[PDB]
C-alpha cells in the first residue's frame, strides 16, 4: 500500500503494522542543512511504539518508546554519519515480532526490542526543518514481497 506522509502530519494505515510488516519510506531529497527529523509508529491509542529521532546536530539517531501520557524510556543510539544516501535517502522498518529492524541506506541494520506490545495503526513524521522531502513516499507491505535478483 502506498501512502504520502507529509511533514508534521501522519497517515492512518489501512491495516495494522505488525509482525511481518514492512514499511519502505523514501525521500525525494536530502536537505543537508536540515535539523532533527522524527518518524513515529503509533498505536490506535497513540502510544509511540517506535520513535526514530534523526539528529544531525548531535550526529546520532535515537530510538525510543513511550505511552501517550507516559515518560520516555532509556534511549538507544547509533551514529548518524554515513547512514543516508542523497538525493533519495530512505528508512526501512520491519516488524519481527519481538523487535524492530531499522535499515537506512548504509551500515548494518539497527535492532530495537519492542517495549510496548501493541501493533501500530499510524505513522507520524515531524520536523521543523526536515532532512527529507515533504511528503515522503511510504510503501507498506503485510509481508516481505518477492525480491529482484539485485
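Residue numbers count along the first chain shown, from 1.
Look at the mean CA B-factor for 11-19 and for 133-141 in the entry; the higher one is 11-19. A summary of the deposited B-factors shows that, of 25-33 and 88-96, the stretch with the larger mean C-alpha value is 25-33. Between the residues 122, 81, 54, 48, it is 81 that shows the highest Cα B-factor in the PDB record. For residue 59, the recorded CA B-factor ranks within the middle third of the chain. Only modelled residues enter the ranking. Sort the modelled residues of the chain by CA B factor and residue 111 lands in the middle third. Among all modelled residues in this chain, the alpha-carbon of residue 42 has a temperature factor (C-alpha) in the middle third. When the modelled residues of the chain are ordered by C-alpha B-factor, residue 69 sits in the highest third. In the PDB entry, a CA B factor belonging to the lowest third of its chain's modelled residues is recorded for residue 5.
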